[PDB]
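Here is the structure we will look at.
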Amino acid sequence: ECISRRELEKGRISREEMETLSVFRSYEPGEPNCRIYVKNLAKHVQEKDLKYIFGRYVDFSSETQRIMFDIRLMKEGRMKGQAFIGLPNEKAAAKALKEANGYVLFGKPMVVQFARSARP
């Protein structure tokens with residue numbers, strides 16, 4: 001079980017609302033990578049909450065893609081949460097940014113960007 005395209009659309013704040021929000025000021029996607037970075041998460045968000053959302057960009061039937069899939073949660077302060085999520089390829093990561101940026105989870109709109117590699 002993962003999120004649908006329609007549910008993601010229902011949960012996204014409008015571009016107008018996005019223009020007013022302090023957390024989307026000077027938003028930059030970054031350089032395309034298969035790993036994404038998610039901020040402005042509610043403090044009580046669990047791994048399985050983010051799996052529900054970002055599991056959509058994964059074919060769990062493929063071993064290759066299961067191995068590539070990784071979620072790490074951590075502090076963003078001070079009240080908020082951050083996550084790094086490894087996805088199976090850049091194309092999937094770009095779809096994640098496009099569809100999940102501004103998505104409201106537990107009363108908070110998430111900010112989804114590219115991350116730099118998990119390994120240097």
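Kirkwood Rh and Cα-based Rg: tell me the resulting Rg over Rh for segment 30-120, rounded to two decimals.
Reported Rg/Rh (Cα atoms, Kirkwood Rh): 0.94.
Under unit Cβ charges (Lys, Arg +1; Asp, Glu -1), what dipole magnitude, rounded to 20 debye, does segment 1-50 have relative to its Cα centre?
80
Going by average Cβ neighbours within 10 Å, how do the peptides 81-92, 26-37 rank, with the highest at the top?
Listed from highest to lowest mean packing, they are 81-92, 26-37.
For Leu21, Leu73, what's the fewest-to-most ordering of other Cβ within 10 Å of each Cβ?
With the fewest neighbours first, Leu21, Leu73 line up as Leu21, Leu73.
Dipole of segment 44-102, Cα-centred, from +1 at each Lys and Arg C-beta and -1 at each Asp and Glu C-beta, to the nearest 20 debye?
Roughly 220 debye for segment 44-102.
Return the sequence-ordered ³J(HN,Hα) values of segment 53-61 in whole Hz as given by the Karplus equation 6.51 cos²θ - 1.76 cosθ + 1.60 applied to θ = phi - 60°, using x for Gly and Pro.
6, 8, x, 5, 9, 9, 8, 5, 7
Please go through the residue pairs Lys48/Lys108; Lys75/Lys98; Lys43/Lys95; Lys10/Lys51 and name each one whose alpha carbons sit more than 22 Å apart in this structure.
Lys75/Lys98; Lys43/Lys95
I want to make sure I understand the PRE zone here: with the label point 7 angstrom from the Cα of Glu31 toward its beta carbon, which residues in segment 102-120 have backbone N atoms less than 15 Å away?
What the label zone holds, given the 15 Å backbone N cut-off, is 114-120.
Rounded, prolate or oblate: pick one for segment 1-83, where a ≥ b ≥ c are the square roots of the eigenvalues of its C-alpha gyration tensor, a/c under 1.5 means rounded, and failing that, prolate if a/b is larger than b/c, else oblate.
Verdict is prolate for segment 1-83.
What is the order of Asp49, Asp59, fewest Cβ neighbours within 10 Å to most?
The most exposed by this proxy come first: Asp59, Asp49.
Hey, rough spin-label estimate for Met79 and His44, points 7 angstrom out along Cα→Cβ, what's it come to in nanometres?
Distance between the two pseudo-spin positions: 1.7 nm.
Treating only the Cβ of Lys, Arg, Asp and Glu as charged (+1, +1, -1, -1), what charge dipole size does the chain show about its Cα centre? Round to the nearest 20 debye.
The calculated dipole for the chain is roughly 280 debye.
Mind checking which of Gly81, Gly55, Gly30 is farthest towards the positive end of the chain's charge dipole, using Cβ charges of +1 (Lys, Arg) and -1 (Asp, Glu) about the Cα centre?
The residue sitting farthest along the positive end of the dipole is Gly81.
Averaging sequence separations of C-alpha pairs under 8 Å and six or more residues apart, then dividing by the length of the chain, give the relative contact order as a whole percent.
It comes to 40 percent, rounded to a whole number.
Every number here is computed from the coordinates shown, using simple stated rules; none is lab data. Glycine gets a Cβ as well: all are built from the backbone with ideal geometry, and neighbour counts include every protein chain shown.
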